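Here's the structure we're looking at; comments come further down.
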Amino acid sequence: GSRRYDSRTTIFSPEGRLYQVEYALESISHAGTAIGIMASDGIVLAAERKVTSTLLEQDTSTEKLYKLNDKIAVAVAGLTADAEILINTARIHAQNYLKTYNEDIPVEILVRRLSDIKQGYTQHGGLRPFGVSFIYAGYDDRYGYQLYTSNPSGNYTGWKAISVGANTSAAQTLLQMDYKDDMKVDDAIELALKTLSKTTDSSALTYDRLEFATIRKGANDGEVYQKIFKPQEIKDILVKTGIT
Amino acid sequence: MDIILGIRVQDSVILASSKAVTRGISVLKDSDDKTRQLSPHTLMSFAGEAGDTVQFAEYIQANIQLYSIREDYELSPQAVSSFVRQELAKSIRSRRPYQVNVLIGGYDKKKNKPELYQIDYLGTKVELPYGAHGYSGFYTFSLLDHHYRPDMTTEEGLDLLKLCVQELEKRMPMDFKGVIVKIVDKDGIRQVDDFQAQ
Amino acid sequence: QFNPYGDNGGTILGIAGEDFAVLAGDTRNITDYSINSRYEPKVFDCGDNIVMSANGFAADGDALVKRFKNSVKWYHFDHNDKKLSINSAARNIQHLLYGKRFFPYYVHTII
Amino acid sequence: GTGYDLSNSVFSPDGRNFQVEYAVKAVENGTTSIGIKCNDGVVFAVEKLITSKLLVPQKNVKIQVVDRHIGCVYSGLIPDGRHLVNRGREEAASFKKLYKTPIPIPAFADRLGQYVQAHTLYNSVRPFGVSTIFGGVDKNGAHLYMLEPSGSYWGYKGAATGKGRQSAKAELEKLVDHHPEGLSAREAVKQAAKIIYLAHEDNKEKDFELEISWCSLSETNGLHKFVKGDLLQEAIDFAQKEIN
Amino acid sequence: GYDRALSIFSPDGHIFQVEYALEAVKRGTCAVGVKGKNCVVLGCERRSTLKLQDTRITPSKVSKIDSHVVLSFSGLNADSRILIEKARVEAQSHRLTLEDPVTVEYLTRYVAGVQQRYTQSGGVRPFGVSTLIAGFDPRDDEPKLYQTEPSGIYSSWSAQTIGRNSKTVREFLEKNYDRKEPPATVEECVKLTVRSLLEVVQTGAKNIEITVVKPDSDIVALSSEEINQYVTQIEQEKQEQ
Amino acid sequence: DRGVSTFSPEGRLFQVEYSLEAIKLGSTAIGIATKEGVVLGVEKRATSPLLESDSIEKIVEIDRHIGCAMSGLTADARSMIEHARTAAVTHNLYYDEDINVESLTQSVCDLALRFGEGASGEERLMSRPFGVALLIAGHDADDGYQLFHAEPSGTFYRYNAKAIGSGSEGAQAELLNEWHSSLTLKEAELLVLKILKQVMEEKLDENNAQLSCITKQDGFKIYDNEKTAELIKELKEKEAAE
Amino acid sequence: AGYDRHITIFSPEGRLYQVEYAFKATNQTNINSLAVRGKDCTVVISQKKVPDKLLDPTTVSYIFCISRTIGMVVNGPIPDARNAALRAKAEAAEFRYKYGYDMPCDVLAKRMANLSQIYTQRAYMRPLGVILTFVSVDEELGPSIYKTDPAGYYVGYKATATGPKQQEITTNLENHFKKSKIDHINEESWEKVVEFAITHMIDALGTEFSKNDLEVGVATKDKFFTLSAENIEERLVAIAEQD
Amino acid sequence: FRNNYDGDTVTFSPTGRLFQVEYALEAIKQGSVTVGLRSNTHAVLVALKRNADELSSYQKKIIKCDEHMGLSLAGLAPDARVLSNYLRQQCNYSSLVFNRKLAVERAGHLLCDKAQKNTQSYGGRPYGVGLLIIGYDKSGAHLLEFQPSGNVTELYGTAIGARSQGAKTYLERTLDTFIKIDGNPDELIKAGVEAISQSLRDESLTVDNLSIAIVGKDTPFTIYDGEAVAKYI
Amino acid sequence: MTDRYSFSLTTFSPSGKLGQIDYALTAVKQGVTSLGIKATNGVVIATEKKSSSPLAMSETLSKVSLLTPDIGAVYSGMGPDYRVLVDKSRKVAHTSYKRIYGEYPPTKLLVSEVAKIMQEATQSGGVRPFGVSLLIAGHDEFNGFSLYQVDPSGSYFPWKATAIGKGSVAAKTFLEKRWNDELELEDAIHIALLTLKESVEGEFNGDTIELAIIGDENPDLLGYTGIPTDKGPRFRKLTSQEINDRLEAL
């Protein structure tokens with residue numbers, strides 16, 4: 001028979017742990033670090049492109065920051081390809097909600113959906129889990145700004161500031177040290193850059209190895225705006241905060 | 001057919017629905033409530049095919065209550081109506097379509113404004129000051145076009161209806177055995193148990 | 001167009017006595033104005049002391065009797081050769097008939 | 001390493017399919033049977049071990065017919081043989097229904113071939129524990145065939161398989177030499193009954209029963225028929241005579 | 001298409017996957033429930049492995065299946081959502097066909113069946129979850145409290161607990177809860193509950209959440225203060241001795 | 001691993017055998033059949049003083065003339081009882097009559113071997129065998145009062161008396177002596193209540209044990225605690241009377 | 001671990017053992033074959049080794065007639081050869097039906113190669129232990145030789161050989177072309193191209209052939225056919241007088 | 001050896017055996033004994049029933065497939081239920097569609113083919129039960145022996161189960177004797193009860209311990225239990 | 001019968017690695033070198049035609065394939081896998097784009113599709129990852145010229161220039177030296193021919209090398225005229241000749 005070659009990706013360990021999930025998490029832990037910090041007037045998503053080259057095109061890229069909705073975006077940590085499969089189903093779910101209720105999908109409803117999908121690969125199907133962790137940054141008129149996180153297990157939680165990928169422990173301690181409830185978006189933009197700058201496994205923290213995005217509610221308007229910083233804008237924000 | 005009227009005044013929505021249920025040659029019941037409460041601040045009245053009518057309402061009610069529990073939140077009247085339209089628009093091209101017309105009236109606690117939605121069995125939705133399904137409109141729309149004012153009080157609204165119902169009791173061939181009236185406002189849904197002689 | 005039904009005439013009768021019962025039926029089978037047979041048994045002994053007849057459209061009548069007899073056979077196989085009471089046979093026949101509620105056995109049946 | 005012999009479709013380092021080979025062992029372990037192609041037909045014969053006096057004689061028939069003109073005999077796991085004939089019967093009905101003409105013996109062979117070869121492609125099935133000798137008369141001649149568990153098959157002048165497979169093969173090789181122009185149907189029937197008695201030496205411990213069948217354009221009209229009564233006894237004796 | 005039998009018997013007669021399902025429950029945060037004379041209360045501990053969470057939106061530990069029944073649990077969070085969803089749906093279906101909300105026993109029997117089904121179906125592992133379901137039958141005032149586990153077994157308790165250190169807190173309850181006279185007050189009931197959590201939470205005003213369910217769809221959760229107020233008085237009860 | 005429906009070199013099905021092992025770990029259940037009715041009793045066996053003992057349902061009603069007791073992994077019995085109740089009701093709808101006690105049992109036992117990862121015989125989708133045994137007791141006009149023992153092997157036996165569970169071999173040997181073809185319903189009740197007290201780890205009282213019977217007159221009934229408590233008292237007295 | 005040798009999944013070295021072992025199976029018949037291109041024809045030569053005397057020599061072949069124009073020779077076990085032949089016949093039949101023209105040799109090759117690539121990636125399908133050589137005189141490409149293997153690889157050849165002594169035949173042919181400087185046998189009749197084939201077959205193999213030791217297939221404009229014991233004998237005799 | 005090739009039926013051993021099947025055949029021998037013998041007018045089945053306790057019933061071992069056919073089992077009861085039930089349908093089919101009684105020789109073929117399917121595909125297990133089939137069709141009395149391996153054989157008489165070899169020798173010796181017990185059923189039944197006790201050892205065939213079935217020229221396959229077999233004990 | 005392999009053949013290991021993907025990458029490592037360079041007015045992709053016998057006709061086997069008239073691809077690793085991938089790619093280009101929007105898909109999107117197909121062979125039941133890495137080069141009105149690399153894991157990234165296969169490391173280094181954001185197509189075709197010289201051991205001519213570019217529209221390769229907006233394909237495979245002429249000024 002075939003039973004011989006079956007890994008049995010969905011079984012419990014004698015300790016009651018999910019082998020594949022724990023191993024997927026171990027995988028995520030070697031991926032570029034991504035930070036998510038929520039201010040009083042916005043949210044900041046920052047990510048470190050793990051490994052690069054001189055020829056790698058930084059302009060025609062967006063390997064870790066993806067726009068889900070017009071009010072929701074995510075930072076990725078893990079298999080880009082796996083992430084794209086989940087992201088796409090997520091973009092579809094948002095639109096079905098919009099077509100059904102003629103209202104944008106509340107941030108948590110979208111995060112729960114995706115997590116449930118992940119949870120499935122955990123309880124049946126005999127397929128390997130998705131080696132991906134997301135940091136969700138979004139807004140809606142019920143909870144305003146929200147920050148979330150979901151991992152291979154299918155679990156998700158909310159944060160004021162959080163990180164995924166490598167050196168999360170060090171980064172979470174630094175964040176838990178200088179974060180403050182009243183923080184303003186630009187303060188957060190700075191905390192994020194500092195945190196990555198102290199956990200990086202690289203020499204310097206140049207602009208070509210970074211991705212930045214902010215969901216601010218531009219005072220001059222009355223609605224929410226998503227802005228994925230361009231190579232240049234990241235270069236600037238890097239000089240100002242004093243890292244040249 | 002049945003009478004299904006709805007009028008949106010200053011701070012509430014009023015739904016009037018006939019009480020008669022006629023099966024062939026006889027009037028089986030004279031106290032039928034052609035309505036369902038989709039949520040604490042949203043009410044839906046309906047008229048149409050014999051079985052499809054209640055089956056559809058209860059199906060819609062069930063889904064809205066499930067959403068409320070899952071999310072611990074009450075969908076806006078606009079959201080509920082868009083959901084209901086989609087349901088009707090789906091069944092119109094199915095094997096056996098629900099032949100049901102509805103009026104959805106709710107009070108949007110977030111905008112603090114009453115709203116009235118009219119949707120026919122085809123999934124045709126329109127938002128109105130006052131609406132009606134079937135033949136009801138033919139007798140009443142001229143009265144409403146005339147006397148309707150956006151700032152009417154719930155009281156002025158109940159008087160405008162009373163007038164509408166009287167024109168209906170005069171010129172319409174069928175005895176619809178009066179109506180049941182309900183008000184939807186910032187405080188929920190209540191029934192004017194005295195319109196039989198208000 | 002094709003019509004799946006036909007009428008083979010014939011008539012049947014059933015009278016119940018105090019400690020007996022009879023089921024009669026002519027033995028003529030017809031089609032329109034012709035006679036197909038002057039002797040074609042229409043009343044059958046199905047076992048367990050039950051006689052039944054399905055009159056009307058022969059093809060349907062035979063299929064029913066055949067299905068019922070088989071019902072008796074399996075009743076024995078499944079409930080340890082228990083006897084099928086006339087009241088139980090009736091209820092069984094109802095399900096046999098209603099089973100084709102939307103493509104009826106064109107027969108009036110008596111047991 | 002090892003273990004290349006546990007799944008039915010695995011290639012061992014040398015390019016073999018051990019399970020198919022283990023299957024053959026079941027064949028050789030069976031009763032012997034043969035096929036003799038004559039000048040206008042074919043003859044089939046098989047050994048029937050008599051376990052005891054309780055076996056009703058002439059009742060547990062082993063040779064089978066496919067359609068009206070095909071004879072099939074096999075050595076090894078009997079149930080598998082039947083399964084293979086049931087298939088061949090359907091295979092043949094299908095052919096006649098579409099083409100009208102009854103299935104050519106070569107065409108029929110490939111059908112059985114393809115089917116048998118198929119059971120060596122997936123590890124979810126087992127190979128056939130039988131070798132089959134079959135054939136008949138058709139639009140252009142008589143044909144004799146032998147099919148192996150590997151799905152391999154060829155046309156034969158004479159063929160045999162089972163325990164007495166070597167004895168038989170020997171006798172057959174003689175006939176092939178001492179009859180270059182061709183044996184006759186009536187002749188092959190006797191010659192066959194003989195080869196079976198001889199080859200019964202590799203099992204001389206148990207008493208047996210003989211079975212012959214033939215398909216001759218002249219003797220049977222091209223239709224497969226069982227040799228019974230007189231013609232049978234005449235061949236039994238011809239054997240008992242040269243068995244001393 | 002995947003139907004490998006993951007939950008099967010072993011020589012000694014155990015279903016190791018169900019067994020390990022339980023081990024995951026032991027690891028889950030502690031949860032407890034005690035029934036009063038006119039109410040039921042559910043307590044759950046909030047971990048502190050990581051703190052900097054946004055409690056506003058982060059999924060809560062006590063869920064409403066309907067307006068008169070709640071459900072708390074211990075074990076894998078992802079898994080609990082699946083059971084909670086099916087239960088909430090089943091609750092609406094029941095209202096729709098029987099024209100009456102589910103009794104707490106029925107809702108419990110349903111969640112238990114879903115759990116049991118996953119113990120003997122191919123290609124699926126059991127739920128690494130154990131639950132506490134409480135509430136009041138419709139038009140009834142007698143409190144109900146049931147518990148379910150991976151095996152699919154369920155039963156009602158006067159008070160019960162599940163999760164890490166449930167051994168300890170169960171002990172507290174076995175010698176602190178008298179069936180003769182159950183917490184006749186909504187107040188003294190919420191107290192007996194907080195008291196038991198403290199046996200294992202080790203200082204945690206933010207590490208303890210309580211929910212009180214009363215007859216006729218009267219559910220409500222306490223805020224840190226209301227709870228920290230019980231904590232304060234319970235610590236003094238000790239010092240004053 | 002190995003097929004969930006493989007044969008041991010002895011000619012036994014592993015899964016079914018290991019299934020029986022799990023039943024030896026279940027609470028004891030006893031059945032006694034007399035010409036006055038059949039009695040079913042079971043060891044509640046709560047696992048904590050906080051567990052409300054009446055929510056332990058190890059004795060259920062199939063139809064009005066059939067009831068049954070379980071032992072082993074009880075959650076695995078839900079679907080079995082459902083199938084049973086449905087089979088009884090169904091049979092009645094089709095034949096306007098009561099389903100024979102044996103037939104109901106044979107039906108339940110048909111689920112028994114419907115397991116595997118794809119066994120060529122139908123669409124037997126059930127990953128493992130049932131981990132619970134049943135004592136089915138009822139009355140029908142053709143064979144009168146009956147007691148049956150249905151196992152996860154698909155086989156079922158008819159007994160005059162039978163015990164399954166942790167103390168089965170012990171209590172069975174007890175029943176072997178005590179049982180005679182002319183016992184009375186009252187006797188059987190005491191007799192069951194007695195064997196239970198011997199094998200139960202706990203000290204038998206009306207809260208950790210439950211009795212029930214099935215009679216042609218009032219069908220299947222489950223003795224409420226008060227009625228049983230007394231049968232216990234009447235037993236204690238009769239034992240100290242020699 | 002040790003199972004990455006049983007099914008078609010990668011080994012730590014990025015290898016697929018099952019595909020390598022399937023290659024082994026192609027030499028199991030110990031038969032050698034080669035093919036060359038004429039000016040307007042394609043010939044395939046293959047050893048015919050009928051050991052058993054009880055075998056009907058006429059039913060022992062590894063050359064198949066796929067279509068009116070395509071011919072295929074197989075190196076490997078016979079059951080896998082017949083499986084491949086049937087499939088290719090069906091494919092060429094259907095292709096004609098759906099597209100209105102005969103399936104080209106190179107296309108049928110790609111199709112069969114693709115089918116083989118599938119067994120290389122899917123775990124329940126084992127590779128076929130055979131190597132297929134397709135020949136014909138394509139209406140657009142003239143004489144053609146395309147060969148596929150268990151790895152799913154395929155390519156067109158000026159001439160080629162397959163079998164245990166594959167290398168001896170190949171280098172022999174390689175040299176003849178380095179010499180003639182053209183990519184084909186410059187002949188008009190196929191009979192001569194067939195002779196060339198049988199000749200170089202002998203030089204490289206160092207063995208003499210009778211009329212029952214070979215098997216010949218010839219592809220020509222609008223038709224592919226195989227020679228009979230006697231058509232061959234005639235070919236043997238011709239090369240005899242000159243040597 | 002064995003250890004690595006008895007995981008499932010789809011695997012052949014290096015010697016060429018199917019262990020899972022042999023293990024199935026094993027459950028048969030571990031099963032209670034039953035005997036079969038026929039003449040030219042009748043066919044009889046005598047079987048020894050087994051019980052658990054002394055408070056338990058004796059597991060029936062004779063099953064009726066049609067009016068002219070039936071069988072006895074040795075091994076897994078459930079599998080006999082499945083097989084007898086499949087055979088019940090085959091007989092019923094033949095009657096309904098062709099208005100013909102199913103030839104005993106053909107019933108055997110169907111059983112063989114159904115059993116074989118379970119020995120070549122992954123996931124299924126071989127049937128663990130042996131069957132003896134008797135029946136009076138259009139060519140006289142008949143007796144068949146069914147083996148889970150899928151092997152069915154026509155005999156004059158035979159026995160299967162534990163110590164079955166006793167009866168099998170008695171019968172193989174008594175051949176010429178009973179093969180002529182035509183016209184008289186009581187003789188075949190007595191001869192059967194004898195052959196079966198040749199395989200006894202523990203106890204002596206009692207009333208509720210014995211089971212006899214018969215079919216013939218003018219005898220629709222009928223089953224005898226208890227008092228009905230008293231006149232043979 | 002039936003694919004009883006409905007479970008994953010690629011799973012996570014304790015270390016967090018995905019074995020089959022690692023191994024597939026190892027297969028790509030042993031493959032013949034291939035590369036791509038992006039100029040300011042074009043892109044060039046090239047590889048070596050490693051013949052498996054002088055008897056084989058190297059033209060009847062292209063390693064550089066056209067996906068759409070503006071997108072081409074090349075690889076390193078297992079040829080067969082590449083072949084079926086190219087077919088699936090050319091088709092998805094139609095079914096998922098041309099048949100909806102009436103135009104061919106933009107490079108990044110088609111690459112995204114290809115990448116998806118490869119991702120599934122990394123998680124779907126009963127299969128192994130593809131043993132190849134591709135370099136896809138194309139051009140689209142709103143993004144201009146671009147070059148991407150798709151790996152067995154399904155991941156993909158854009159490049160200015162890069163190489164994959166046998167001597168990718170050496171070649172990637174040689175490219176960093178000679179690349180600048182001001183190269184003209186011909187300059188890149190040159191740099192390409194040089195980088196590839198180090199990889200090839202034996203003959204280095206227009207018959208041992210395969211090279212195609214994505215440049216200007218070739219109205220002569222359209223096949224018809226009469227429609228103004230249809231100017232021709234930007235993809236052009238260089239001829240054996242066109243190669244040698246540049247090999248001189250090498």
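Every chain in the structure tokens has a letter given in the order shown (A, B, ...), and although residue numbers restart at 1 in each chain, ligands are simply numbered from 1 in the order shown.
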**OP:** Just list the residues in region 69-238 of chain G DSSP gives strand (DSSP E or B) on the backbone, as an MDAnalysis selection string.
**Re:** chainID G and resid 71:75 122 131:138 142:148 154:157 159:162 216:220 223:226
Please dump the current selection as a compact mmCIF listing (two decimals), in the first residue's frame; keep N, CA and C atoms.
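Ended up saving to part_8.txt:
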# COMPACT_ATOMS: atom_id res chain seq x y z
N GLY G 71 6.50 4.78 -36.98
CA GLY G 71 6.98 3.49 -36.52
C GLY G 71 7.72 3.68 -35.21
N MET G 72 7.59 2.72 -34.31
CA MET G 72 8.24 2.81 -33.02
C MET G 72 8.92 1.51 -32.59
N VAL G 73 10.19 1.61 -32.22
CA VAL G 73 10.93 0.45 -31.75
C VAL G 73 11.12 0.66 -30.25
N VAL G 74 11.01 -0.42 -29.48
CA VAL G 74 11.14 -0.35 -28.03
C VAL G 74 12.29 -1.16 -27.47
N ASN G 75 13.02 -0.57 -26.53
CA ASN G 75 14.11 -1.24 -25.84
C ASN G 75 13.67 -1.41 -24.39
N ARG G 122 4.55 12.10 -10.13
CA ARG G 122 3.46 11.53 -9.34
C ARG G 122 3.94 10.22 -8.73
N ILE G 131 12.61 2.49 -23.55
CA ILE G 131 13.11 3.62 -24.30
C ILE G 131 12.41 3.48 -25.65
N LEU G 132 11.74 4.55 -26.07
CA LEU G 132 11.00 4.53 -27.32
C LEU G 132 11.67 5.35 -28.43
N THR G 133 11.83 4.72 -29.59
CA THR G 133 12.43 5.39 -30.73
C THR G 133 11.35 5.49 -31.80
N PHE G 134 10.99 6.72 -32.15
CA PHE G 134 9.96 6.94 -33.15
C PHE G 134 10.60 7.33 -34.46
N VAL G 135 10.06 6.81 -35.55
CA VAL G 135 10.58 7.12 -36.86
C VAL G 135 9.46 7.27 -37.87
N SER G 136 9.75 8.04 -38.91
CA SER G 136 8.81 8.29 -39.97
C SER G 136 9.47 9.28 -40.90
N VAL G 137 8.75 9.62 -41.96
CA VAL G 137 9.22 10.61 -42.91
C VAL G 137 8.15 11.71 -42.79
N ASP G 138 8.32 12.56 -41.79
CA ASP G 138 7.39 13.65 -41.54
C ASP G 138 7.19 14.48 -42.80
N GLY G 142 10.75 15.67 -43.12
CA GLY G 142 11.43 14.58 -43.79
C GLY G 142 11.76 13.45 -42.83
N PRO G 143 12.75 12.60 -43.16
CA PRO G 143 13.14 11.48 -42.30
C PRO G 143 13.34 11.93 -40.86
N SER G 144 12.72 11.24 -39.91
CA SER G 144 12.85 11.64 -38.51
C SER G 144 13.02 10.52 -37.50
N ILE G 145 13.88 10.78 -36.52
CA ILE G 145 14.16 9.86 -35.43
C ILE G 145 14.05 10.66 -34.14
N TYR G 146 13.12 10.29 -33.28
CA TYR G 146 12.94 10.95 -31.99
C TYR G 146 12.84 9.84 -30.95
N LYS G 147 13.58 9.99 -29.86
CA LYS G 147 13.62 8.97 -28.82
C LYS G 147 13.31 9.54 -27.45
N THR G 148 12.61 8.75 -26.63
CA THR G 148 12.23 9.18 -25.29
C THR G 148 12.66 8.13 -24.27
N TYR G 154 13.46 13.81 -24.25
CA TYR G 154 13.35 13.40 -25.65
C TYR G 154 14.11 14.35 -26.57
N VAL G 155 14.54 13.84 -27.72
CA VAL G 155 15.27 14.65 -28.67
C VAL G 155 15.32 13.96 -30.03
N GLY G 156 15.63 14.73 -31.07
CA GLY G 156 15.73 14.18 -32.41
C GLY G 156 17.17 13.82 -32.71
N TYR G 157 17.38 12.76 -33.48
CA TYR G 157 18.72 12.31 -33.82
C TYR G 157 18.93 12.17 -35.33
N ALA G 159 20.88 9.86 -36.30
CA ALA G 159 20.92 8.41 -36.25
C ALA G 159 21.13 8.11 -34.78
N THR G 160 20.78 6.91 -34.33
CA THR G 160 20.95 6.61 -32.92
C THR G 160 20.92 5.11 -32.68
N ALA G 161 21.28 4.70 -31.47
CA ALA G 161 21.28 3.29 -31.10
C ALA G 161 20.91 3.16 -29.63
N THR G 162 20.36 2.00 -29.26
CA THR G 162 19.94 1.74 -27.89
C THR G 162 20.13 0.26 -27.55
N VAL G 216 13.52 -5.55 -39.13
CA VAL G 216 13.68 -4.27 -39.80
C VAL G 216 12.38 -3.51 -40.00
N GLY G 217 12.46 -2.20 -39.85
CA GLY G 217 11.30 -1.36 -40.03
C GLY G 217 11.73 -0.26 -40.97
N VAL G 218 10.88 0.10 -41.92
CA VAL G 218 11.21 1.16 -42.85
C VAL G 218 10.10 2.19 -42.92
N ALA G 219 10.48 3.46 -42.84
CA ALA G 219 9.53 4.55 -42.91
C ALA G 219 9.77 5.30 -44.20
N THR G 220 8.70 5.55 -44.94
CA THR G 220 8.80 6.27 -46.20
C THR G 220 7.64 7.25 -46.34
N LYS G 223 4.14 6.10 -45.63
CA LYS G 223 4.04 4.73 -45.14
C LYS G 223 5.24 4.15 -44.40
N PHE G 224 4.94 3.44 -43.32
CA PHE G 224 5.94 2.76 -42.50
C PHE G 224 5.56 1.29 -42.48
N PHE G 225 6.53 0.42 -42.74
CA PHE G 225 6.32 -1.03 -42.78
C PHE G 225 7.52 -1.80 -42.26
N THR G 226 7.31 -3.08 -41.94
CA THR G 226 8.38 -3.93 -41.44
C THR G 226 8.66 -5.06 -42.43
What are the closest atom pairs, with distances in Å to one decimal, for all residues of chain F lying within 9 Å of chain H? Consider only C-alpha atoms, order rows by chain and residue number, and present the result as CSV.
residue,atom,partner,partner_atom,distance
F:1,CA,H:7,CA,8.7
F:2,CA,H:7,CA,5.9
F:3,CA,H:123,CA,6.6
F:4,CA,H:123,CA,8.4
F:5,CA,H:125,CA,6.3
F:6,CA,H:125,CA,6.2
F:7,CA,H:20,CA,6.1
F:8,CA,H:23,CA,6.6
F:9,CA,H:23,CA,5.2
F:10,CA,H:23,CA,6.2
F:11,CA,H:27,CA,4.2
F:12,CA,H:27,CA,6.7
F:109,CA,H:78,CA,8.6
F:110,CA,H:78,CA,7.9
F:113,CA,H:78,CA,7.9
F:116,CA,H:123,CA,7.0
F:117,CA,H:123,CA,5.8
F:118,CA,H:123,CA,5.0
F:119,CA,H:124,CA,3.6
F:120,CA,H:124,CA,5.2
F:121,CA,H:124,CA,7.8
F:148,CA,H:56,CA,9.0
F:153,CA,H:78,CA,8.0
F:154,CA,H:78,CA,5.9
F:155,CA,H:78,CA,6.5
F:156,CA,H:59,CA,8.6
F:157,CA,H:57,CA,6.2
F:158,CA,H:57,CA,5.1
F:159,CA,H:56,CA,4.2
F:160,CA,H:55,CA,5.0
F:161,CA,H:55,CA,5.9
F:162,CA,H:55,CA,7.4
F:172,CA,H:53,CA,8.6
F:175,CA,H:55,CA,8.5
F:176,CA,H:55,CA,7.0
F:179,CA,H:55,CA,8.3
**OP:** Compile the contact shell of region 191-199 of chain D as a PyMOL selection string: residues with an atom at most 7 Å away, counting only C-alpha atoms, same-chain residues fewer than 3 positions apart removed.
**Re:** chain D and resi 45-47+164+167-168+171+187-188+202+235-236+239+243
Would you write out, as JSON lines, a table of all residues in chain D that have an atom no more than 6 Å from an atom of chain H, listing for each the closest atom pair and the distance in Å to one decimal, considering only C-alpha atoms and ordering rows by chain and rising residue number?
{"residue": "D:22", "atom": "CA", "partner": "H:14", "partner_atom": "CA", "distance": 5.0}
{"residue": "D:23", "atom": "CA", "partner": "H:16", "partner_atom": "CA", "distance": 5.6}
{"residue": "D:25", "atom": "CA", "partner": "H:16", "partner_atom": "CA", "distance": 4.8}
{"residue": "D:26", "atom": "CA", "partner": "H:16", "partner_atom": "CA", "distance": 4.4}
{"residue": "D:54", "atom": "CA", "partner": "H:155", "partner_atom": "CA", "distance": 5.1}
{"residue": "D:55", "atom": "CA", "partner": "H:155", "partner_atom": "CA", "distance": 4.4}
{"residue": "D:56", "atom": "CA", "partner": "H:155", "partner_atom": "CA", "distance": 5.2}
{"residue": "D:79", "atom": "CA", "partner": "H:150", "partner_atom": "CA", "distance": 5.6}
{"residue": "D:124", "atom": "CA", "partner": "H:122", "partner_atom": "CA", "distance": 5.1}
{"residue": "D:125", "atom": "CA", "partner": "H:121", "partner_atom": "CA", "distance": 4.8}
{"residue": "D:126", "atom": "CA", "partner": "H:10", "partner_atom": "CA", "distance": 4.9}
**OP:** Tell me which protein, DNA and RNA residues are within 9 Å of residue 169 (chain E), counting only C-alpha atoms, leaving out same-chain ones fewer than 6 positions away, and put them as a ChimeraX atom specification.
**Re:** /E:30,32,160-162,196-200
**OP:** Report as a PyMOL selection string: the residues of region 16-70 of chain E with a DSSP assignment of alpha helix (DSSP H), based on the backbone of this structure.
**Re:** chain E and resi 16-27
Subject >> Distance query region 40-57 of chain A at most 7 Å, only C-alpha atoms, self and fewer than 4 positions along chain excluded, as a ChimeraX atom specification >> reply: /A:31-36,61,64,75,137,145,182-185,188-189,192,209-217 /I:158-161,176
Would you tabulate, counting only C-alpha atoms, all residues of chain H that have an atom at most 9 Å from an atom of chain C, showing the closest pair of atoms and their distance in Å to one decimal, sorted by chain then ascending number, as JSON lines?
{"residue": "H:64", "atom": "CA", "partner": "C:77", "partner_atom": "CA", "distance": 8.2}
{"residue": "H:65", "atom": "CA", "partner": "C:77", "partner_atom": "CA", "distance": 8.6}
{"residue": "H:92", "atom": "CA", "partner": "C:70", "partner_atom": "CA", "distance": 8.4}
{"residue": "H:96", "atom": "CA", "partner": "C:66", "partner_atom": "CA", "distance": 8.2}
